[PDB]
Amino acid sequence: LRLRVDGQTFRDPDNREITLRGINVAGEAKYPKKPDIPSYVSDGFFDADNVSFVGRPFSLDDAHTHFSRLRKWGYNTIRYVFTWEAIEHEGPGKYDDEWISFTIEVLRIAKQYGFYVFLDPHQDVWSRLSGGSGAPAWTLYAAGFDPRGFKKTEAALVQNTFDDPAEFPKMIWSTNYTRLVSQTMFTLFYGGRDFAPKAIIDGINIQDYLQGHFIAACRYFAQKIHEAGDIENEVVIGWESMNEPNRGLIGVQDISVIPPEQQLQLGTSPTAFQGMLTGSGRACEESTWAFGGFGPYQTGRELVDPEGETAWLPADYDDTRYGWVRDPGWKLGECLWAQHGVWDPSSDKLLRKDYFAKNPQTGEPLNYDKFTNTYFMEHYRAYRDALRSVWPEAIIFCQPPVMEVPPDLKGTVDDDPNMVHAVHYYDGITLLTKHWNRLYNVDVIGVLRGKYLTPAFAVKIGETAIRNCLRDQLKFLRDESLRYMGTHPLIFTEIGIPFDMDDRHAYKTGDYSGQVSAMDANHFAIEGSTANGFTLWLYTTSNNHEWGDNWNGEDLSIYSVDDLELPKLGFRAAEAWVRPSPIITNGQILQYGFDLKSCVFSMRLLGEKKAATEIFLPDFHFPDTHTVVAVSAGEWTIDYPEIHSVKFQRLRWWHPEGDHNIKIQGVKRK
């Protein structure tokens, strides 16, 4: 077997600790292959019916060629991106065995390169019909509300629908989490017995139907891995929960106003009631909000007029498509929350301001921690046991909601010694402003958890203080992980920077200085966070300068078909994310890092009795003729191991037991 969990560390068969420097592969699994429907093409979007993700990311011939890149860049892990839509697209229980068979073929090509792969059931604002990716289309018809009218009802601002796809608002897809469809789907997914207790399919609640199929669609895809025989523990080490779990409306103390914890707006900003009227064809005046130095920004209101057409399936449209039972309680043509007594369609006025406020069964007041410790963990325990009904030795990458307190599983029955805490972190300023500010940055984590009062005691000035701020944020998350969940490993499964900074300034000049300072600062935070590894958010094989990641106007891929590789076109800040890093360490890593300015790699460890320390050294930064190695104890050699013709320089450092450290200096560049 490739890797085992042994507390806070991953260990190889000979007791050496493994460091997971990985990357997400790939952002192309978010949308189908035949027809190739990215975020900007509009024809054929709505007849999802039959899709064919057979092919995404890439055709199998290019697999061994594409995998070779990730070894050359020093990556040893891959977060394999796949959607629930890729498994159960035709309908409930209709699994794409052709997609399964083709995907099993992908893994061994990657296994030939000695990768570590954990599978990611990715999603963004629920479904691709809802302005993102993830869940299949029939899940929306199960809740029933046909995406045709979504345009100006403004439930999920879809990009495959706007008049001009090139004019899709930047970073507006993430706003859908606070809109009608995504607030409804996640609420029904994690707890339908609670807020919409009339949703009964197959005699069971919508909570049990949406979860039961996602739990089963992954379990059936996992049962093939048991029968494959050559990919369990030999390349596939386990699974992840679900990408960025959202609560929807579970815990909204007042649905008539924007909650103070909702810090993202932009586009139209409907409340739950303003989102309720709009999803029923009425009319609302909504404040519109935006972006630093661009967009609405304390805007001036805008009137939304769907004009008599709802964001719901009509009362008579044919459902009889894929099996089908509904209890007569669940209706069509009317608002779901309206029939449950949340609001009156005849008078257009709320019930009150606290339907989504307290506990379904006992009446305890809801918050985000209450949602994370109950309904999310309720969905997580079943997903954990379902994957272990097939493969009990499966490592489960537990991903709680983004930038929220992880569940308190330390000392409970869920203190799983084969679990991994997956944490997301994005520089909220640079990601949303698309500009690396070299002058200030905010301790976002410190503000969210209440370390300081308001974002005024927290902000730090100076690029050095900014670097230390990000590292102490990621370091704090590791201490929060070890406090609530126990002695378990942590993997920063998503972290990156937007490459389209300063109005495509790097694409116009080749000056990637902003992206270099952003990537080096983000990696500097990871290297000092005392974490167990990371996967940079997103390697796209079809990323270009025009469409970015070909998904929601984002441009986060480190690889581009229009940029040059490392030996007026730049290198896409490649010199910033091709870093020396530990691969496998003879003992516990005390501290390591890469100073990109001085081109100096240093690592301090606590040696164990014999078993080597294997470190990746980039060819660009560390040429063999000019690389200078210095050790505090022991001996070292430098080789060029070959893994299917793929070449990368590696240094092995044999040291005795005790406190030792190394300093590797390369070539400085401007």
# chains A, B, ... in the order shown; residues from 1 in each chain; ligands from 1
call {"tool": "select_by_dssp", "arguments": {"residues": "stretch 282-365 of chain A", "states": "helix (DSSP H, G or I)", "output": "MDAnalysis selection string"}}
result
chainID A and resid 336:339
call {"tool": "closest_atom_pairs", "arguments": {"of": "stretch 73-191 of chain A", "to": "stretch 211-231 of chain A", "cutoff": "12 Å", "atoms": "only C-alpha atoms", "output": "CSV"}}
result
residue,atom,partner,partner_atom,distance
A:82,CA,A:218,CA,10.3
A:83,CA,A:218,CA,9.9
A:84,CA,A:214,CA,6.8
A:85,CA,A:217,CA,9.7
A:86,CA,A:217,CA,9.6
A:87,CA,A:217,CA,6.3
A:88,CA,A:217,CA,6.7
A:89,CA,A:217,CA,10.5
A:91,CA,A:213,CA,10.1
A:92,CA,A:213,CA,7.0
A:93,CA,A:213,CA,7.6
A:94,CA,A:217,CA,9.3
A:95,CA,A:217,CA,7.4
A:96,CA,A:221,CA,9.5
A:97,CA,A:221,CA,8.7
A:98,CA,A:221,CA,11.5
A:99,CA,A:221,CA,9.9
A:100,CA,A:221,CA,6.8
A:101,CA,A:224,CA,8.8
A:102,CA,A:224,CA,11.8
A:103,CA,A:221,CA,9.9
A:104,CA,A:228,CA,7.8
A:105,CA,A:228,CA,10.0
A:106,CA,A:231,CA,10.6
A:107,CA,A:231,CA,7.2
A:108,CA,A:231,CA,7.0
A:109,CA,A:231,CA,10.6
A:110,CA,A:231,CA,10.1
A:111,CA,A:231,CA,7.7
A:112,CA,A:231,CA,10.7
A:114,CA,A:231,CA,11.3
A:115,CA,A:231,CA,10.9
A:116,CA,A:231,CA,10.5
A:117,CA,A:231,CA,9.6
A:118,CA,A:231,CA,11.1
A:119,CA,A:222,CA,10.0
A:120,CA,A:218,CA,10.3
A:121,CA,A:218,CA,8.2
A:122,CA,A:218,CA,11.7
A:123,CA,A:214,CA,11.9
A:134,CA,A:214,CA,10.7
A:135,CA,A:214,CA,8.7
A:136,CA,A:214,CA,10.1
A:138,CA,A:213,CA,11.5
A:139,CA,A:213,CA,9.8
A:142,CA,A:213,CA,12.0
A:185,CA,A:211,CA,11.2
A:186,CA,A:211,CA,10.4
A:187,CA,A:211,CA,11.7
A:188,CA,A:211,CA,9.6
A:189,CA,A:211,CA,6.3
A:190,CA,A:211,CA,7.7
A:191,CA,A:211,CA,9.8
call {"tool": "residues_around", "arguments": {"residues": "stretch 525-538 of chain A", "least_positions_apart": "4", "cutoff": "7 Å", "atoms": "only C-alpha atoms", "output": "number ranges by chain"}}
result
A: 9, 19-27, 79, 467, 470-471, 474-475, 478, 489-496, 521, 556-557, 591-593
call {"tool": "atom_distance", "arguments": {"atom1": "atom CA of residue A:608", "atom2": "atom CA of residue A:16"}}
result
9.2 Å
call {"tool": "atom_distance", "arguments": {"atom1": "atom CA of residue A:202", "atom2": "atom CA of residue A:124"}}
result
27.2 Å
call {"tool": "residues_around", "arguments": {"residues": "residue A:464", "least_positions_apart": "2", "cutoff": "10 Å", "atoms": "only C-alpha atoms", "output": "ChimeraX atom specification"}}
result
/A:438-440,460-462,466-469,521
call {"tool": "select_by_dssp", "arguments": {"residues": "stretch 270-507 of chain A", "states": "strand (DSSP E or B)", "output": "NGL selection string"}}
result
:A and (284-286 or 302-304 or 343-344 or 349-350 or 358 or 365 or 395-398 or 419-424 or 440-441 or 460-461 or 490-494)
call {"tool": "residues_around", "arguments": {"residues": "residue A:33", "least_positions_apart": "3", "cutoff": "9 Å", "atoms": "only C-alpha atoms", "output": "JSON, numbers by chain"}}
result
{"A": [28, 29, 36, 37, 38, 51, 52, 53, 54, 55, 56, 57]}
call {"tool": "closest_residue", "arguments": {"among": "A:575, A:254, A:472, A:479", "to": "residue A:515", "atoms": "only C-alpha atoms"}}
result
A:575
call {"tool": "residues_around", "arguments": {"residues": "residue A:434", "least_positions_apart": "2", "cutoff": "10 Å", "atoms": "only C-alpha atoms", "output": "mmCIF file with N, CA, C and O atoms, in the first residue's frame"}}
result
data_model
loop_
_atom_site.group_PDB
_atom_site.id
_atom_site.type_symbol
_atom_site.label_atom_id
_atom_site.label_comp_id
_atom_site.auth_asym_id
_atom_site.auth_seq_id
_atom_site.Cartn_x
_atom_site.Cartn_y
_atom_site.Cartn_z
ATOM 1 N N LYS A 170 -17.518 39.101 -13.183
ATOM 2 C CA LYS A 170 -16.455 38.359 -12.522
ATOM 3 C C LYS A 170 -16.868 37.999 -11.101
ATOM 4 O O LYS A 170 -17.389 38.842 -10.364
ATOM 5 N N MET A 171 -16.637 36.741 -10.723
ATOM 6 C CA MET A 171 -16.869 36.261 -9.360
ATOM 7 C C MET A 171 -18.317 36.468 -8.915
ATOM 8 O O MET A 171 -18.583 36.738 -7.741
ATOM 9 N N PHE A 291 -17.461 44.452 -5.505
ATOM 10 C CA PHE A 291 -16.071 44.695 -5.903
ATOM 11 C C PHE A 291 -15.407 45.981 -5.417
ATOM 12 O O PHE A 291 -16.020 47.052 -5.388
ATOM 13 N N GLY A 292 -14.113 45.886 -5.109
ATOM 14 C CA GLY A 292 -13.308 47.038 -4.748
ATOM 15 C C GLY A 292 -12.821 47.905 -5.898
ATOM 16 O O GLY A 292 -11.890 47.533 -6.622
ATOM 17 N N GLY A 428 -9.228 36.266 0.348
ATOM 18 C CA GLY A 428 -10.496 36.844 -0.066
ATOM 19 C C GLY A 428 -10.361 38.178 -0.773
ATOM 20 O O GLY A 428 -11.189 38.518 -1.623
ATOM 21 N N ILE A 429 -9.325 38.946 -0.443
ATOM 22 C CA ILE A 429 -9.140 40.250 -1.071
ATOM 23 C C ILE A 429 -8.671 40.084 -2.511
ATOM 24 O O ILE A 429 -9.328 40.536 -3.454
ATOM 25 N N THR A 430 -7.523 39.428 -2.699
ATOM 26 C CA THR A 430 -6.960 39.284 -4.037
ATOM 27 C C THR A 430 -7.880 38.473 -4.943
ATOM 28 O O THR A 430 -7.980 38.748 -6.144
ATOM 29 N N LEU A 431 -8.570 37.476 -4.384
ATOM 30 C CA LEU A 431 -9.467 36.657 -5.195
ATOM 31 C C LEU A 431 -10.634 37.477 -5.733
ATOM 32 O O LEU A 431 -11.025 37.324 -6.897
ATOM 33 N N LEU A 432 -11.201 38.353 -4.905
ATOM 34 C CA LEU A 432 -12.375 39.117 -5.304
ATOM 35 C C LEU A 432 -12.029 40.440 -5.972
ATOM 36 O O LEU A 432 -12.816 40.934 -6.788
ATOM 37 N N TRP A 436 -3.141 41.794 -6.441
ATOM 38 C CA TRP A 436 -2.334 41.491 -5.265
ATOM 39 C C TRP A 436 -1.880 42.798 -4.627
ATOM 40 O O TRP A 436 -0.997 43.484 -5.153
ATOM 41 N N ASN A 437 -2.484 43.143 -3.493
ATOM 42 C CA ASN A 437 -2.145 44.371 -2.782
ATOM 43 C C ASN A 437 -0.879 44.131 -1.972
ATOM 44 O O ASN A 437 -0.874 43.326 -1.035
ATOM 45 N N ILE A 497 -4.432 31.699 -6.476
ATOM 46 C CA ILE A 497 -4.561 33.124 -6.773
ATOM 47 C C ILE A 497 -5.201 33.300 -8.146
ATOM 48 O O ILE A 497 -5.048 32.433 -9.019
ATOM 49 N N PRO A 498 -5.924 34.396 -8.382
ATOM 50 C CA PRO A 498 -6.409 34.681 -9.739
ATOM 51 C C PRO A 498 -5.270 35.191 -10.612
ATOM 52 O O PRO A 498 -4.537 36.103 -10.228
ATOM 53 N N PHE A 499 -5.120 34.590 -11.792
ATOM 54 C CA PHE A 499 -4.039 34.977 -12.688
ATOM 55 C C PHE A 499 -4.390 36.173 -13.563
ATOM 56 O O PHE A 499 -3.484 36.796 -14.127
ATOM 57 N N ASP A 500 -5.669 36.514 -13.689
ATOM 58 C CA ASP A 500 -6.085 37.648 -14.514
ATOM 59 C C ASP A 500 -6.090 38.953 -13.718
ATOM 60 O O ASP A 500 -7.071 39.696 -13.696
ATOM 61 N N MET A 501 -4.970 39.247 -13.064
ATOM 62 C CA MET A 501 -4.857 40.449 -12.251
ATOM 63 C C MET A 501 -4.684 41.691 -13.118
ATOM 64 O O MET A 501 -4.110 41.642 -14.210
ATOM 65 N N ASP A 502 -5.197 42.815 -12.610
ATOM 66 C CA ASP A 502 -4.932 44.142 -13.168
ATOM 67 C C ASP A 502 -5.356 44.239 -14.633
ATOM 68 O O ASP A 502 -4.621 44.745 -15.483
ATOM 69 N N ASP A 503 -6.563 43.746 -14.920
ATOM 70 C CA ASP A 503 -7.153 43.810 -16.259
ATOM 71 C C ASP A 503 -6.256 43.135 -17.296
ATOM 72 O O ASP A 503 -5.919 43.715 -18.332
ATOM 73 N N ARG A 504 -5.873 41.890 -17.007
ATOM 74 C CA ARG A 504 -5.012 41.096 -17.887
ATOM 75 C C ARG A 504 -3.701 41.820 -18.188
ATOM 76 O O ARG A 504 -3.221 41.825 -19.324
ATOM 77 N N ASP A 555 -9.897 32.490 -13.685
ATOM 78 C CA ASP A 555 -8.593 32.233 -14.299
ATOM 79 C C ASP A 555 -7.622 31.906 -13.163
ATOM 80 O O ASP A 555 -6.851 32.752 -12.706
#
call {"tool": "residues_around", "arguments": {"residues": "residue A:144", "least_positions_apart": "3", "cutoff": "10 Å", "atoms": "only C-alpha atoms", "output": "PyMOL selection string"}}
result
chain A and resi 138-141+147+311-315+317+319+331-333+336
call {"tool": "atom_distance", "arguments": {"atom1": "atom CA of residue A:573", "atom2": "atom CA of residue A:553"}}
result
19.7 Å
call {"tool": "closest_residue", "arguments": {"among": "A:71, A:374, A:283, A:166", "to": "residue A:643", "atoms": "only C-alpha atoms"}}
result
A:71
call {"tool": "closest_residue", "arguments": {"among": "A:667, A:651, A:561, A:402", "to": "residue A:584", "atoms": "only C-alpha atoms"}}
result
A:651
